[PDB]
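A.B. asks: part one of the complex, untouched from its place in the assembly:
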Amino acid sequence: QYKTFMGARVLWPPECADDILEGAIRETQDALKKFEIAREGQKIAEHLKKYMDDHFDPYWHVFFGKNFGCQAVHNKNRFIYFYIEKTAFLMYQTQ
Amino acid sequence: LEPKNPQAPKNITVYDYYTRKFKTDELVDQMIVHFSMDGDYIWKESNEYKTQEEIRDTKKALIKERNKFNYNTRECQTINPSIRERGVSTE
Amino acid sequence: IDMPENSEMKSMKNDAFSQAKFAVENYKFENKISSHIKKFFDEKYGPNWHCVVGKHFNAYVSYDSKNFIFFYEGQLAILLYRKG
Amino acid sequence: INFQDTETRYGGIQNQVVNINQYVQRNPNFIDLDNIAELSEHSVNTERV
Amino acid sequence: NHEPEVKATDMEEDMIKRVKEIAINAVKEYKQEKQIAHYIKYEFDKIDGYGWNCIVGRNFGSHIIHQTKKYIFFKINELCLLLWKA
């Protein structure tokens, strides 16, 4: 039912660790807000994955947009899926 | 309450290398465990004492009155493709 | 207009097109489409693949050399690559 | 909601050191080590108009 | 699914066949890496005494030794199984 969070709408119960979640939740709207706009494409997801690899575990994949969909295997308990203002964001880790 | 265990996954999968499919699993074990530690101490068990005391007995008696001649080094390695980072968009 | 490449001889490149176009017609939601492509390519070649379908999305991933195929299939876009 | 209270208790267990038959290390031991990660599934979508 | 195949080996014929049989049975029965290695290791510890070592995977390299006629490295459906004694 896409419960509300102080970032945005997130599907719950969460299938990602809380610290990793909070990192993603705060980094996305920070990185959007500061010196980034919706007109630019790849150079966002670039920065997002770099930020995750710097602090957290190394191998990440990020997919976001306005329409898509996937099935995928991933490491246990490392799935982030959230909307913000009608924009779907998805991220997951693989060994 | 019929407990559910937070910090547990919803399902488990593993590749089958004989029948090439996956096959998932949605019944997940729900016991919290932390600090499992494995032991190596063994008290007057039947099965272990004979098997160990007997090998050392035979060895020490035999030397009391070497056979396996010198070993040979070898090598083998698997083929490891490279990891690259390419990003493309449709926007 | 864009066609990132993969191995030679059309072992893989030829296969993906033929399969994708059964896939696009035979279902409506993306779910069965992406599941079908991935489920086939696991049996045929490799142990773990990744697939994306959609009209519009941004993405950027890590993978294994010469195993990244991207093609605009009809109105839709299909992305596929191995990893793991 | 003011709900202060506190308690304590202790377990413990008997003590005894035998040290007659003691101190075996099964020398040719065996173990099973891996570097594999666990795996799981998910599916995701966005509404079609 | 497909039969095995030795990429590098040092065994006698009759002993190549036994490891063939047991590798097929192991993959048919269990579905995990440490489980496969543990099972094959037990089987050859039953048939030839003590001191077998086995490493199974998809990504590894090695510097080892062995008894001269007891080493094998073979692949089954993109799985590299390495086995040796002492």
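C.D. replies: Happy to help now that I have it. Residues are numbered from 1 along each chain as shown, chains lettered A, B, ... in the order given.

A.B. asks: so for stretch C:28-45, what gets flagged as buried?
C.D. replies: Buried residues in stretch C:28-45, counted by 16 or more other CB atoms under 10 Å in any protein chain shown: C:30-31, C:33-38, C:40-42. Using the backbone N, CA and C atoms, a C-beta is placed for each residue, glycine as well.

A.B. asks: how about stretch E:48-59?
C.D. replies: Of the residues in stretch E:48-59, E:52, E:54-57 count as buried by neighbour count, 16+ other CB under 10 Å.

A.B. asks: bridged to the residue in chain C that chain B sits nearest to, which residues?
C.D. replies: Of all residues in chain C, residue C:60 sits closest to chain B, at 2.6 Å by CB to the nearest CB. Residues found in beta-bridge contact with residue C:60 (criterion: DSSP bridges) are residue A:62.

A.B. asks: did I read that right, residue B:81 in a strand?
C.D. replies: No. For residue B:81, which was evaluated using DSSP: H, G, I helix; E, B strand; the rest coil, the result is coil, with no strand membership.

A.B. asks: now it: how far from residue C:46?
C.D. replies: In this structure, residue B:81 lies at 11 Å from residue C:46, with CB to CB, to the nearest Å as the measure.

A.B. asks: which element is residue 22 on?
C.D. replies: Picking chain A for this. Using DSSP states H and E, the element containing residue A:22 is helix A:18-35.

A.B. asks: that was the other one, I meant chain E.
C.D. replies: Under the assignment here (DSSP H and E), residue E:22 is part of helix E:13-29.

A.B. asks: which bits of chain C sit near chain E?
C.D. replies: Taking CB under 8 Å from any CB of the partner chain as the test, the list of chain C residues beside chain E reads C:46-47.

A.B. asks: could you rerun that using 10 Å?
C.D. replies: When proximity is defined by CB under 10 Å from any CB of the partner chain, chain C lies next to chain E at C:43, C:45-47, C:84.

A.B. asks: ok, now chain F:
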Amino acid sequence: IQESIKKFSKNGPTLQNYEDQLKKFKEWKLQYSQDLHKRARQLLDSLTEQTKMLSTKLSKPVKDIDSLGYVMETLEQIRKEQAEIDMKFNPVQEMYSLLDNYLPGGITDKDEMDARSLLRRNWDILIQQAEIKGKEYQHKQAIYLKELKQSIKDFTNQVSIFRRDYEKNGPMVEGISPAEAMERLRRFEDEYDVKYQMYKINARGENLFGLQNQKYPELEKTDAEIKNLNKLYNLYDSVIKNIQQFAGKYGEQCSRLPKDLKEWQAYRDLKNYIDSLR
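C.D. replies: Just below you will find chain F, in place on the chains above:
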């Protein structure tokens, strides 16, 4: 400053890391290019040396140019391996792609152009030749079979005259022939040796066409008789030459005296002499 690049170089960064600096980015490019070029040079030299040895073997003799053999299988084995060899080359293709992205070169590229192109030179000929040869040799099979027929027809009679030579020449027990026998025996040595190499090439051809291998009994008889002969006569040469080089040592030579294979004139000659030594 070269120090910064040195520092980062010291870390022994991965190719992706190199790609990332290139993305971030002429001086820096050239500083990268030197190290990358020496990597290219090493690997490309070794690999083209292997593959050009293989093409040279395809081109060295006139026989293998016209008449092939089992050797093609080994070439074909390496051609199976050619997949394998390129799997330990693919580190170089992508790396040189990065190199020549923004440094096409033109100065040092000569050797690169030679070696890399030489690899694919082999590959294209491997396709073309393998098809063309395979078709044309499939056309003219009967002529090769006829050539084999004449070969075997001649070899049978060669072995006939061979076997006929023995009974009245050389090691046959006819005459005295004092200690000259080793010369004629050694000419016979080279004789059936030559015959045996001819037999081996015939065996290669026969197994190429999948026929019953013609099997020759006389050559074995030759080999056995002379084997005993030549061990004895070599011992005779050793004893007499040592005797001429110049007693207890000869007592041990006498300790290797006895042998009941057969009695010869040369044998009793050596016996009488060594008696003299005692």
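
A.B. asks: any idea how far residue F:5 is from residue A:46?
C.D. replies: Taking CB to CB as the measure, residue F:5 falls 24 Å from residue A:46.

A.B. asks: repeat for residue B:41
C.D. replies: Distance check for residue B:41 against residue A:46: by CB to CB, it reads 55 Å.

A.B. asks: with neighbour numbers in mind, choose between the two.
C.D. replies: The residue with more neighbours, out of residue B:41 and residue A:46 and counting by other CB atoms under 10 Å in any protein chain shown, is residue A:46; that gives 16 against 9.

A.B. asks: could I get the contacting residues of that one?
C.D. replies: Neighbour list for residue A:46: A:40, A:62, B:85, B:87, C:58, C:60 [criterion: CB atoms under 10 Å, 6 or more residues apart in numbering or on different chains].

A.B. asks: would you pull up the residue in chain D closest to chain A?
C.D. replies: Evaluated by CB to the nearest CB, chain D has residue D:38 as its residue closest to chain A, separated by 3.6 Å.

A.B. asks: nearest to chain E within chain B, name that residue for me.
C.D. replies: When CB to the nearest CB is the measure, chain B has its nearest residue to chain E at residue B:77, with 3.4 Å between them.

A.B. asks: and chain B, is stretch D:12-26 touching that?
C.D. replies: Yes. Judged by CB under 10 Å from any CB, stretch D:12-26 comes into contact with chain B at D:18, D:21-26.

A.B. asks: and that stretch, is it in reach of chain E?
C.D. replies: No. Using CB under 10 Å from any CB, no contact is recorded between stretch D:12-26 and chain E, whose separation bottoms out at 12.1 Å.

A.B. asks: show residues contacting that stretch.
C.D. replies: Where contact means CB under 10 Å, 6+ apart, the residues beyond stretch D:12-26 that reach it are B:39-44, B:48-49, B:51-52.

A.B. asks: sequence below should go in as chain G:
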Amino acid sequence: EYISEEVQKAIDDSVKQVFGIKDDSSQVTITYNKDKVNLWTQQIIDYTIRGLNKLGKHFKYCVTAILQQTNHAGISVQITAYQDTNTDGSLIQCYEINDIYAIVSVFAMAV
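C.D. replies: Okay, here's chain G dropped in alongside the others:
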């Protein structure tokens, strides 16, 4: 509306019924084993909680257990809660047979 002694009685019923045997020979036939310990731990907790759910009490429980192989190492077990004076509570228990040193620790909380 309870008594913690009854809680302890239920736990003792569980553990004794599960492994504890009146005649003292098989518990030496059942020594600490590396292989069997997992089944023992999960089975003990599962049967104990079955006994706890046989109680219809609306209170809210939680469980913990510890299995020490030998007496030589020594151990300290301690509780400290932040709970209700009236109804809430905790419980501990120590247990021994021949070479198995078991402990249970339970928390009972209202609502």
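
A.B. asks: and the contacts of stretch D:12-26, now that chain G is part of it?
C.D. replies: Residues beyond stretch D:12-26 that count as contacts (CB under 10 Å, 6+ apart) turn out to be B:39-44, B:48-49, B:51-52, G:66, G:68, G:70-72, G:74-78, G:92, G:94-96, G:101-103.

A.B. asks: for the helix holding residue A:22, packing partners?
C.D. replies: strand A:9-10, helix A:42-55, strand A:60-69, strand A:79-83, strand A:88-93 (3 or more CB pairs under 10 Å, 6 or more residues apart in numbering or on different chains; DSSP states H and E).

A.B. asks: ok, then the element right after the third one?
C.D. replies: Past strand A:60-69, further along toward the C-terminus, the next helix or strand under DSSP H and E is strand A:74-75.

A.B. asks: next, the nearest residue in space to residue E:20 that is not next to it in sequence: phi, psi?
C.D. replies: Using CB to CB, 6 or more residues apart in numbering or on different chains and skipping residues adjacent in sequence, the residue nearest residue E:20 is residue E:4, 5.7 Å away. When quoted as degrees, to the nearest 10, the phi and psi of residue E:4 stand at phi -80, psi -180.

A.B. asks: ok, residue E:4 - contacts?
C.D. replies: Applying CB under 10 Å, 6+ apart, we find residue E:4 in contact with E:16, E:19-21, E:23-24, E:27, E:72, E:74-77, E:79, E:81.

A.B. asks: please list the residues of chain E that sit near chain D.
C.D. replies: Taking CB under 10 Å from any CB as the test, the list of chain E residues beside chain D reads E:32-35, E:37-38, E:41-42, E:45, E:50-53, E:55-60.

A.B. asks: next one: chain A
C.D. replies: Where proximity means CB under 10 Å from any CB, the interface of chain A facing chain D comprises A:11, A:15, A:57, A:59, A:63, A:65-79, A:81, A:83, A:86-88, A:90, A:92-95.

A.B. asks: for PyMOL, what selects the buried ones among the contacts of stretch D:12-26?
C.D. replies: The following PyMOL line selects those of these that are buried, judged by 16+ other CB under 10 Å:
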select buried, (chain B and resi 42+43) or (chain G and resi 68+70+71+77+92+95+101+102+103)
